[PDB]
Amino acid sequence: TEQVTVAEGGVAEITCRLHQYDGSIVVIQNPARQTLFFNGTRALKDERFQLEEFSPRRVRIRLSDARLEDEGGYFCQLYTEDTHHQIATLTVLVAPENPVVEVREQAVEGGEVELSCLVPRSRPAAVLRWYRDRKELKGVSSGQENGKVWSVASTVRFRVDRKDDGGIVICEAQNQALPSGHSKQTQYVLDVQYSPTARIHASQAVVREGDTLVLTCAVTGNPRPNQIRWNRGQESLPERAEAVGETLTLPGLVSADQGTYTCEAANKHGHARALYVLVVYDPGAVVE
């Protein structure tokens, strides 16, 4: 009895070996033990079954668009009841689709991200594996059979911080219906929110009276801060100051412009403020 295996909707071939062909009538039966081919003639009105070869050595039939209901034993016997012989058992497989990946809720630095991965239909039951940066994560899985096909789900949960924002997680599904070594994969991009940062970088290390200084405020955060605020301790920004987004330009600096300058930004997880100490040296000061 030949073990024959097809992917759902694919093509299988079933062959009856006959030995010293008498010329008598060959009955081929399906898994319900209903006559499917009477000698060379199809006995059931199913256009997916086609006689392919009736030679002195074998009778071969082809099945197109294989369905789960086609599974079971197929038989070949002489109408004279020489023997009830099973000549094949058909098994129909179902490969997983690319898995569906979801997240429980918005992940926030300091908290957890919780992901699920689901394959709704596979046969045999797909195996689900989680990867991050080539390294496998340990998840938790469950599945069940719904008729002849299995639904399988897996979940993983881990702490995140801002370094994980934008990181890629892979869920990978495998089963025997896929060619050896191959996989069905789904990528998921982490979105981790975090409180902002602010840092000032100045266009010069040493500032002299007469200089034009540019301060640049580098900001991070998720969500992205919408607005940079520039300010100064104790008193107002110099009259010539030009605060345009992330840059503060201080032209024509004079001694009285010295002081502490700040840039600040915010998102829904908090504020960040950077401070810059501005020293303005007269032309004769010895600094370096």
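Position 1 is the first residue in the sequence shown; the rest follow in order.
*Asks:* Output the stretch having the higher mean C-alpha B factor in the entry; the candidates are 85 to 93 and 168 to 176.
*Replies:* Comparing averages over the C-alpha atoms only gives 85 to 93.
*Asks:* Do the C-alpha atoms of 73 to 81 or of 187 to 195 have the higher average B factor in the entry?
*Replies:* According to the PDB entry, the answer is 73 to 81.
*Asks:* Using the entry's values, work out which of 111, 181, 143, 99 has the largest Cα B factor.
*Replies:* In this record, 181 carries the highest C-alpha B-factor of the candidates.
*Asks:* Go through 235, 53, 242, 257 one by one and give the residue whose Cα B-factor in the PDB entry is largest.
*Replies:* Max CA B-factor in the entry, restricted to 235, 53, 242, 257: 53.
*Asks:* For the chain shown, is the CA B-factor of residue 19 in the lowest, middle or highest third of its modelled residues?
*Replies:* Tercile = highest for this residue's CA B-factor.
*Asks:* Sorting by Cα B-factor within the chain, modelled residues only, which third would residue 40 end up in: lowest, middle or highest?
*Replies:* Highest third of the chain for residue 40's C-alpha B-factor.
*Asks:* Which third of the chain does residue 211 land in by C-alpha B-factor: lowest, middle or highest?
*Replies:* Bottom third by C-alpha B-factor.
*Asks:* Comparing residue 31 with the other modelled residues of its chain, is its CA B-factor in the lowest, middle or highest third?
*Replies:* Highest third of the chain for residue 31's C-alpha B-factor.
*Asks:* Among the chain's modelled residues, which third holds the C-alpha B-factor of residue 66?
*Replies:* Highest third, going by the recorded CA B-factors of the chain.
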